[PDB]
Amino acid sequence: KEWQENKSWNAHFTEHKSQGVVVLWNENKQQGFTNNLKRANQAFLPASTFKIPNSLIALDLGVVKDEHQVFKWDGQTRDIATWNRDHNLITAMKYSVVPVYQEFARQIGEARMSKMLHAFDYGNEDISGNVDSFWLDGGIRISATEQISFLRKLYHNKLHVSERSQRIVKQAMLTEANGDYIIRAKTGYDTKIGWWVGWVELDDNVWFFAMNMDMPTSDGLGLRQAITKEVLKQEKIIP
């Protein structure tokens, strides 16, 4: 009753010839829902979804002074045009500019990064690999339910960082807002798995979500949000 399985959601993966898990948390009702209880606990590389805790650490250690501080383009031309320009934290999260956050990581350092993830209870708290790439190709792993447990602490300012830090990152996670709802979320792609994790704010409740799916090619990345919104629409969380 605290966790329920709804296999009817699998049709949202089936219709797109894909496979994955959607995990929802109803905060008011303290209830979880997923299409696959097993895969909901499978831990994967966080990839770009690691920008949430990475932002928190860089803000709270003073590696990032605020959301307007500019991090200049390094002049290296990269495959994603939006990366080859100056960014602040907000645009850095919106375009998921990895090189910005790799520099963040180097400045944090191994010891403090590892110490902070333990304080966050984040995933398997393993940073083996390059200090500036372990969340792309090192030891760190996190499941969808783990993502939800981390996002809920952030929502309630219960992470061991300043309230200011936590508010700035939730500001930067802002994806969508209209008269019906607000989504604060972050996507990720590790070359094999696609992530979308965040929450949907409503007038009188909040719905946490975390999804991942098999992503053999970059062409289907749009599906991360499509399949999630189909689920939220089936559950009358969004119109």
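For the two forms, the rigid core is made up of the largest set of C-alpha atoms that agree within 1.5 Å on superposition. In case it trips you up, residue 1 is the first one in the sequence shown, and so on.
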property	result
Outlying stretch relative to shown form, 44-52 versus 188-196 in 6 other deposited structures of this protein, C-alpha RMS (core)	188-196
Residue range whose averaged C-alpha B-factor is higher in the record, 210-218 or 43-51	210-218
Mean C-alpha temperature factor, higher of 94-102 and 73-81	73-81
Identity of residue with top Cα B-factor, from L89, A144, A111, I168	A111
Chain-wide C-alpha B factor ranking for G139, given as lowest, middle or highest third	middle
Ranked C-alpha temperature factor of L117 among modelled chain residues, by third	middle
Entry-reported Cα temperature factor of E125, expressed as the chain third it lands in	middle
For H160, the third of its chain into which the C-alpha B factor falls	highest
Modelled-residue ranking by C-alpha temperature factor, third containing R184	lowest
